[PDB]
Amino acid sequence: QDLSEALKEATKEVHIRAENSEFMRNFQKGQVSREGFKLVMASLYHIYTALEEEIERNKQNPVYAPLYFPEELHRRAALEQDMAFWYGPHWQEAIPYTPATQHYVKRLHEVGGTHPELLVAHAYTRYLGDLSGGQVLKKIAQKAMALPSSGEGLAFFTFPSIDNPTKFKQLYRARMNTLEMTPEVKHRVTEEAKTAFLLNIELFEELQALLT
C-alpha cells in the first residue's frame, strides 16, 4: 500500500477525535477570540520552529529529502510576522511557551535528532492539514475576529508560493510515495503520525483549560 494512503488510513480515526477537542469545536463555530487565538498561534510558532529546524538538519538525508519544500511549505517566517502582529515588536519576550508545547517540541527534536526516518510523520500531520482544513479554519478566524482580507495576523494560513493547495497536496503525496519504504519504516511512520495527532490533541486540551 502507498505511504500517503497508509497515513490517511492510520490517522482518520484520531483526526475525528482532534476535530472535536473542545478547543477545535468552539473554534469551528467561530467562538475563538484574541486571547485563545494568540495562545494557539504562539504555541504553533514554537512547534513549526522545532519542526523546520529538524527538517533543515535532515534535508539531505534520503529518508526525508523528497519532501523538502521550504519555499512552498515552511511556516516559521509567516509565524514570526503573525507574532509581531498579535504580540507587538517585542513578541520574543512576550510569547508563552506552554508545557504541552514543550512536550511536542521535545518529541520533534527526538525524532529529528535520533529517528529522522519518522520525520515525515510530523511534516505530514502539520503541512497536509495546513493545506486542507487549515484553509477552512483561516476563513472562520478571519470572520470571528474581523481580520482583513489582506492577511495581516493570518500569514500562517497563507501559502504565497503554492498556486493550488489541492494540486500541491497531490504532488507531496506522490513524493511521499517515492521514499524508501520497508514494512518496518511504514509501520513506525503511521504510528508516529498517530502520536503527532495526540500531541496536537493534548495541546488543545491544555489551551482550553488555560482559557477556562
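For clarity, a rigid core is taken as the largest C-alpha set superposing within 1.5 Å between two forms. We number the residues from 1 along the sequence you see.
Student: Taking RMS over all structures and residues, which stretch has CA atoms farther from the shown form in 8 other deposited structures of this protein, 131 to 139 or 118 to 126, after a rigid core fit?
Tutor: With the rigid core fitted, 131 to 139 is the stretch that strays more in 8 other deposited structures of this protein.
Student: Just give me the stretch that moves more in 8 other deposited structures of this protein: 148 to 156 or 23 to 31, judged by RMS C-alpha distance after a core fit.
Tutor: Comparing 148 to 156 with 23 to 31, the larger C-alpha deviation in 8 other deposited structures of this protein belongs to 23 to 31.
Student: With respect to the recorded C-alpha B factors, which stretch has the higher mean value, 85 to 93 or 71 to 79?
Tutor: According to the entry, 85 to 93 carries the higher average C-alpha B-factor.
Student: Please compare 23 to 31 with 183 to 191 and name the stretch with the higher mean C-alpha B-factor in the deposited structure.
Tutor: It is 23 to 31 that shows the higher mean C-alpha B-factor.
Student: Which one, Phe157, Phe37, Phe168, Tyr45, has the peak C-alpha temperature factor per the PDB entry?
Tutor: Out of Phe157, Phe37, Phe168, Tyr45, the record gives the largest C-alpha B-factor to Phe168.
Student: Sort the modelled residues of this chain by their C-alpha B factor and say whether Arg126 lands in the lowest, middle or highest third.
Tutor: Its C-alpha B-factor belongs to the lowest third of this chain's values.
Student: Thinking about Cα B factors across the chain, which third does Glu52 belong to?
Tutor: Lowest third - that is where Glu52 ends up once the chain's C-alpha B-factors are sorted.
Student: Compare the C-alpha B factor of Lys138 with those of the other modelled residues in its chain, then answer lowest, middle or highest third.
Tutor: Middle third, going by the recorded CA B-factors of the chain.
Student: Determine, from the deposited record, the chain-internal third of the Cα B-factor for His115: lowest, middle or highest.
Tutor: Its C-alpha B-factor belongs to the lowest third of this chain's values.
Student: How does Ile162 rank on Cα B-factor within its chain, lowest, middle or highest third?
Tutor: For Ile162, the deposited C-alpha B-factor lands in the highest third.
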